[PDB]
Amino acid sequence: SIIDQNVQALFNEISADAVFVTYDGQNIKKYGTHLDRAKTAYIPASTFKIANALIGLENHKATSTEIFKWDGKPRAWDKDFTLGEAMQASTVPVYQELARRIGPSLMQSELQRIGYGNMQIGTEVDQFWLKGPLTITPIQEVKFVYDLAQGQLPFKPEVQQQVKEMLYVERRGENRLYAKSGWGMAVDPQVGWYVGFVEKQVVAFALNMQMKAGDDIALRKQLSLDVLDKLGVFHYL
């Protein structure tokens, strides 16, 4: 139980309300300073690129090799991107284009079919994950990416594999970290995400915390890695 205590003391210096959820396919565990966040719905922000990529590839609106060309309008995003490149750079305009290719009718039925969050897209097909009304709980996120890791989402296995590897961050020996960050700036309060999984057996995780303008952009990932290390899920080299 000192493992749990070590994790909790990490959050002790973090002033922002935070929860960190893990899921190993059987047990949900919750850490942080405000555990109720785990069952509160928030906008997915850029964590929604996982579901967007899946829906896009599944419905033949893009391939993982296709290049989304820069249109010359300044946005490091000022270049051509594959979905994979755009995933890691978190290039919002690229995924907005993908959403526009899917269209509101397909996006709506797909989110309903897979049961993603509250499954609400409103009237703007390229804004709903950034401004609402789409919301999802951290627990929902961890179960979602857990299924992705296992190829058990309701998509073609090849589609799940392609998106899975777009999330690949690093390996340590044989252990692999997959992750996607998010920062919903257009909502009040702002929400920060770091969701992913470690493939050893799979342990999915979701950091979910309050954000404010000026916050360190690297904190989400460093905090998450520190926690995964303390839990012994992904030890530092």
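Throughout, we count residues from 1 along the sequence that is shown. Take the two forms, superpose them, and find the largest set of C-alpha atoms that agree within 1.5 Å; that set is the rigid core.
Between stretches 223-231 and 12-20, the one whose Cα atoms sit farther from the displayed model in 8 other deposited structures of this protein on average is 12-20 (core-aligned, root mean square). Missing deposited residues between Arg75 and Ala76: 1 to 3, all without coordinates in the entry. Unmodelled stretch separating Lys69 from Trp70: none (count of deposited-sequence residues without coordinates).
The stretch 8-16 shows the higher mean C-alpha B-factor when 215-223 is compared against 8-16 in the entry. Judged by mean Cα B factor in the deposited record, 31-39 ranks above the other of 31-39 and 46-54. Among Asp80, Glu165, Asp147, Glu141, the highest C-alpha B-factor recorded in the PDB entry belongs to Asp80. Between the residues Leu177, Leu207, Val203, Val187, it is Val187 that shows the highest Cα B-factor in the PDB record. For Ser181, the recorded CA B-factor ranks within the lowest third of the chain. Only modelled residues enter the ranking. Sort the modelled residues of the chain by CA B factor and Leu130 lands in the middle third.
Compared with the other modelled residues of the chain, the Cα B-factor recorded for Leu111 ranks in the middle third. The entry lists a Cα temperature factor for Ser90 that places it in the highest third of the chain's modelled residues. Ranked against the other modelled residues of its chain, the C-alpha B-factor of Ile136 as given in the entry falls in the lowest third.
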